[PDB]
Amino acid sequence: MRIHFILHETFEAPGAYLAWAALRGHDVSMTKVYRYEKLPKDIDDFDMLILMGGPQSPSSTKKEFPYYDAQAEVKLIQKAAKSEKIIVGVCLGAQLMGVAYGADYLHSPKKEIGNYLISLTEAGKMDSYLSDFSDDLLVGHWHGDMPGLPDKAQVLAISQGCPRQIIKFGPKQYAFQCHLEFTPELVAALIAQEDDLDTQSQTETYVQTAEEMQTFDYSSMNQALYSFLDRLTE
């Protein structure tokens, strides 16, 4: 019901997570750390915590991003977990969850930017909250890194480029390295930020073109996401 977002840049938007939260009638708050907004001090003001992506890494320094405090975000995840809050972390958000749960983050075998299949693991095929995901699904991607896997965490999905797409850290604490929340306008903003998506498009296996991404139809990923959030919170 009270859902709090942590946002790390204008181009790392909540997209469909926010839309879902609006349609289902939930009570949204946000922290826009890039606006030097202060992280919540109490886990008491929210029921669920969704941390979105970001150009930073979990180890980025305040000399690079003077408003960003990865340590504080990690502690906030741990406080939240320790009270059995629902948590979801996306790209950078998924990597801070890794750190919070005892594993440091890694570089991805392949970097991925565009819309690619992810594929359920065995553990994935057994997760209640993913019932509405076909075994293979085309979803969004925009990373170079991926999350640490602590021993108690399960991988629920992989792609060809990256072996850790979705991870279950806890009974109600999930991480998506990939982006199901994309829409054409979010993807517009990401393209505007990307230096040389052109060159990377041919030089690299798993980078698509501005045109490929921009024309793509995102309604199925949004919709798969909705089924996950609905199930996670029911």
# chains A, B, ... in the order shown; residues from 1 in each chain; ligands from 1
$ residues_around --residues "segment 24-29 of chain A" --least-positions-apart "2" --cutoff "9 Å" --atoms "only C-alpha atoms" --output "MDAnalysis selection string"
chainID A and resid 1:6 18:22 31 46 230
$ write_last_selection --atoms "N, CA and C atoms" --output "short mmCIF file (atom, residue, chain, number, x, y, z; two decimals), in the first residue's frame"
data_model
loop_
_atom_site.label_atom_id
_atom_site.label_comp_id
_atom_site.auth_asym_id
_atom_site.auth_seq_id
_atom_site.Cartn_x
_atom_site.Cartn_y
_atom_site.Cartn_z
N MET A 1 0.86 -1.28 0.00
CA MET A 1 0.00 0.00 0.00
C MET A 1 0.88 1.32 0.00
N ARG A 2 1.77 1.52 1.01
CA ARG A 2 2.73 2.63 0.93
C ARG A 2 4.02 2.14 0.23
N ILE A 3 4.26 2.65 -0.95
CA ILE A 3 5.36 2.24 -1.76
C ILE A 3 6.33 3.41 -1.87
N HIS A 4 7.59 3.22 -1.43
CA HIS A 4 8.60 4.30 -1.52
C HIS A 4 9.68 4.02 -2.57
N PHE A 5 9.87 4.95 -3.52
CA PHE A 5 10.87 4.81 -4.60
C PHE A 5 12.14 5.52 -4.29
N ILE A 6 13.27 4.91 -4.63
CA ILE A 6 14.55 5.60 -4.57
C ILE A 6 15.04 5.80 -6.00
N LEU A 18 5.85 2.68 -11.37
CA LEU A 18 5.05 3.79 -10.89
C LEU A 18 3.65 3.65 -11.39
N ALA A 19 3.48 3.37 -12.70
CA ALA A 19 2.14 3.21 -13.30
C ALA A 19 1.32 2.13 -12.59
N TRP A 20 1.93 0.99 -12.39
CA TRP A 20 1.34 -0.06 -11.59
C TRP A 20 0.92 0.45 -10.28
N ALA A 21 1.85 1.09 -9.56
CA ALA A 21 1.52 1.60 -8.23
C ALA A 21 0.32 2.58 -8.30
N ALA A 22 0.25 3.39 -9.38
CA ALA A 22 -0.87 4.34 -9.51
C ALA A 22 -2.14 3.62 -9.74
N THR A 31 12.33 9.44 -3.40
CA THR A 31 13.47 10.17 -2.97
C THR A 31 14.26 10.36 -4.17
N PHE A 46 6.94 3.26 5.07
CA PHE A 46 6.60 2.53 3.90
C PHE A 46 6.42 0.99 4.13
N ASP A 230 1.61 -7.68 -8.81
CA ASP A 230 0.36 -8.12 -8.26
C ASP A 230 0.51 -9.32 -7.41
#
$ residues_around --residues "segment 36-44 of chain A" --least-positions-apart "5" --cutoff "9 Å" --atoms "only C-alpha atoms" --output "VMD selection string"
chain A and resid 6 31 66 to 68 72 to 73 76 79 to 80 83 85
$ closest_residue --among "A:120, A:87, A:92, A:191" --to "residue 172 of chain A" --atoms "only C-alpha atoms"
A:87
$ residues_around --residues "residue 220 of chain A" --least-positions-apart "6" --cutoff "12 Å" --atoms "only C-alpha atoms" --output "PyMOL selection string"
chain A and resi 16+115+132-134+137-140+180-183+226-227
$ write_last_selection --atoms "N, CA, C and O atoms" --output "compact mmCIF listing (two decimals), in the first residue's frame"
# COMPACT_ATOMS: atom_id res chain seq x y z
N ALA A 16 6.86 1.76 -15.59
CA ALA A 16 5.71 0.94 -15.28
C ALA A 16 5.56 0.55 -13.82
O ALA A 16 4.49 0.15 -13.43
N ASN A 115 16.32 -4.91 -26.31
CA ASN A 115 15.31 -5.86 -25.87
C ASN A 115 15.67 -7.30 -26.23
O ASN A 115 15.69 -7.65 -27.39
N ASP A 132 3.11 -15.96 -14.53
CA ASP A 132 2.61 -15.42 -15.80
C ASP A 132 3.68 -15.07 -16.80
O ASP A 132 3.40 -14.56 -17.86
N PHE A 133 4.91 -15.46 -16.49
CA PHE A 133 6.02 -15.31 -17.41
C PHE A 133 6.14 -16.61 -18.24
O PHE A 133 6.44 -17.67 -17.67
N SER A 134 5.94 -16.53 -19.56
CA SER A 134 6.39 -17.62 -20.44
C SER A 134 7.92 -17.91 -20.16
O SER A 134 8.65 -17.03 -19.67
N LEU A 137 11.02 -14.62 -22.54
CA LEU A 137 10.29 -13.37 -22.66
C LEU A 137 11.21 -12.30 -23.13
O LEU A 137 12.31 -12.19 -22.66
N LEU A 138 10.76 -11.52 -24.07
CA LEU A 138 11.56 -10.39 -24.47
C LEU A 138 11.38 -9.18 -23.45
O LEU A 138 10.23 -8.76 -23.14
N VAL A 139 12.49 -8.76 -22.82
CA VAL A 139 12.47 -7.68 -21.85
C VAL A 139 13.58 -6.71 -22.14
O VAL A 139 14.48 -7.00 -22.99
N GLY A 140 13.55 -5.55 -21.47
CA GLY A 140 14.56 -4.50 -21.71
C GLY A 140 15.88 -4.74 -20.95
O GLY A 140 15.90 -5.41 -19.94
N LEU A 180 11.81 -4.46 -17.17
CA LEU A 180 10.50 -4.71 -17.77
C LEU A 180 9.62 -3.46 -17.76
O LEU A 180 8.49 -3.47 -18.28
N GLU A 181 10.12 -2.40 -17.12
CA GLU A 181 9.33 -1.21 -16.80
C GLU A 181 9.40 -0.18 -17.95
O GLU A 181 8.78 0.92 -17.87
N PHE A 182 10.22 -0.49 -18.98
CA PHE A 182 10.46 0.45 -20.07
C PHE A 182 9.15 0.84 -20.82
O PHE A 182 8.11 0.09 -20.79
N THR A 183 9.19 2.00 -21.46
CA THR A 183 8.18 2.46 -22.34
C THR A 183 8.92 3.29 -23.39
O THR A 183 10.12 3.68 -23.18
N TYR A 226 3.43 -6.25 -14.30
CA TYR A 226 2.22 -6.11 -13.51
C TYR A 226 1.85 -7.39 -12.86
O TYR A 226 1.39 -7.39 -11.71
N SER A 227 1.94 -8.51 -13.59
CA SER A 227 1.52 -9.83 -13.01
C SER A 227 2.44 -10.19 -11.85
O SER A 227 1.97 -10.65 -10.79
$ residues_around --residues "residue 59 of chain A" --least-positions-apart "6" --cutoff "9 Å" --atoms "only C-alpha atoms" --output "PyMOL selection string"
chain A and resi 70-71+105
$ write_last_selection --atoms "N, CA, C and O atoms" --output "PDB file, in the first residue's frame"
ATOM      1  N   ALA A  70      26.162   5.301  -1.449  1.00  0.00           N
ATOM      2  CA  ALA A  70      25.845   3.886  -1.653  1.00  0.00           C
ATOM      3  C   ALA A  70      25.739   3.192  -0.329  1.00  0.00           C
ATOM      4  O   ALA A  70      24.878   2.362  -0.123  1.00  0.00           O
ATOM      5  N   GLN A  71      26.604   3.575   0.604  1.00  0.00           N
ATOM      6  CA  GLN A  71      26.570   3.020   1.952  1.00  0.00           C
ATOM      7  C   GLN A  71      25.203   3.200   2.615  1.00  0.00           C
ATOM      8  O   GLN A  71      24.672   2.267   3.216  1.00  0.00           O
ATOM      9  N   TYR A 105      29.336  -6.790  -6.165  1.00  0.00           N
ATOM     10  CA  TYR A 105      28.788  -6.782  -7.490  1.00  0.00           C
ATOM     11  C   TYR A 105      29.818  -7.135  -8.501  1.00  0.00           C
ATOM     12  O   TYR A 105      30.965  -7.018  -8.242  1.00  0.00           O
TER      13      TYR A 105
END
$ closest_residue --among "A:198, A:112, A:12, A:127" --to "residue 142 of chain A" --atoms "only C-alpha atoms"
A:112
$ atom_distance --atom1 "atom CA of residue 128 of chain A" --atom2 "atom CA of residue 7 of chain A"
27.9 Å
$ atom_distance --atom1 "atom CA of residue 147 of chain A" --atom2 "atom CA of residue 98 of chain A"
5.4 Å
$ select_by_dssp --residues "segment 9-82 of chain A" --states "strand (DSSP E or B)" --output "ChimeraX atom specification"
/A:27-32,48-51
$ closest_residue --among "A:161, A:130, A:123, A:169" --to "residue 102 of chain A" --atoms "only C-alpha atoms"
A:169
$ closest_residue --among "A:224, A:153, A:88, A:210" --to "residue 170 of chain A" --atoms "only C-alpha atoms"
A:153
$ closest_residue --among "A:234, A:136, A:196, A:9" --to "residue 33 of chain A" --atoms "only C-alpha atoms"
A:9
$ residues_around --residues "residue 89 of chain A" --least-positions-apart "2" --cutoff "8 Å" --atoms "only C-alpha atoms" --output "PyMOL selection string"
chain A and resi 50-53+87+91-97+174-177
$ atom_distance --atom1 "atom CA of residue 109 of chain A" --atom2 "atom CA of residue 144 of chain A"
8.6 Å
$ closest_residue --among "A:56, A:205, A:119, A:214" --to "residue 166 of chain A" --atoms "only C-alpha atoms"
A:119
$ residues_around --residues "residue 208 of chain A" --least-positions-apart "4" --cutoff "7 Å" --atoms "only C-alpha atoms" --output "ChimeraX atom specification"
/A:113-114,201,212-213
$ residues_around --residues "residue 171 of chain A" --least-positions-apart "3" --cutoff "9 Å" --atoms "only C-alpha atoms" --output "VMD selection string"
chain A and resid 84 86 168 174
$ write_last_selection --atoms "N, CA, C and O atoms" --output "PDB file, in the first residue's frame"
ATOM      1  N   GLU A  84      11.220  -7.269   7.256  1.00  0.00           N
ATOM      2  CA  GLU A  84      10.365  -7.986   6.356  1.00  0.00           C
ATOM      3  C   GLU A  84       9.533  -7.067   5.432  1.00  0.00           C
ATOM      4  O   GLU A  84       8.489  -7.466   4.930  1.00  0.00           O
ATOM      5  N   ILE A  86       8.583  -5.565   1.847  1.00  0.00           N
ATOM      6  CA  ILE A  86       8.730  -5.943   0.406  1.00  0.00           C
ATOM      7  C   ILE A  86       9.762  -5.055  -0.219  1.00  0.00           C
ATOM      8  O   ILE A  86       9.679  -3.869  -0.052  1.00  0.00           O
ATOM      9  N   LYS A 168      16.107 -13.925  -6.297  1.00  0.00           N
ATOM     10  CA  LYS A 168      15.342 -13.852  -5.133  1.00  0.00           C
ATOM     11  C   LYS A 168      16.258 -13.945  -3.987  1.00  0.00           C
ATOM     12  O   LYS A 168      16.869 -15.026  -3.741  1.00  0.00           O
ATOM     13  N   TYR A 174      13.131  -9.069  -4.078  1.00  0.00           N
ATOM     14  CA  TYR A 174      13.486  -9.537  -5.455  1.00  0.00           C
ATOM     15  C   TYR A 174      14.347  -8.492  -6.121  1.00  0.00           C
ATOM     16  O   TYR A 174      14.309  -7.352  -5.742  1.00  0.00           O
TER      17      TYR A 174
END
$ select_by_dssp --residues "segment 4-229 of chain A" --states "helix (DSSP H, G or I)" --output "ChimeraX atom specification"
/A:15-23,33-35,43-45,70-82,92-100,124-126,128-130,184-193,197-203,210-214,219-229
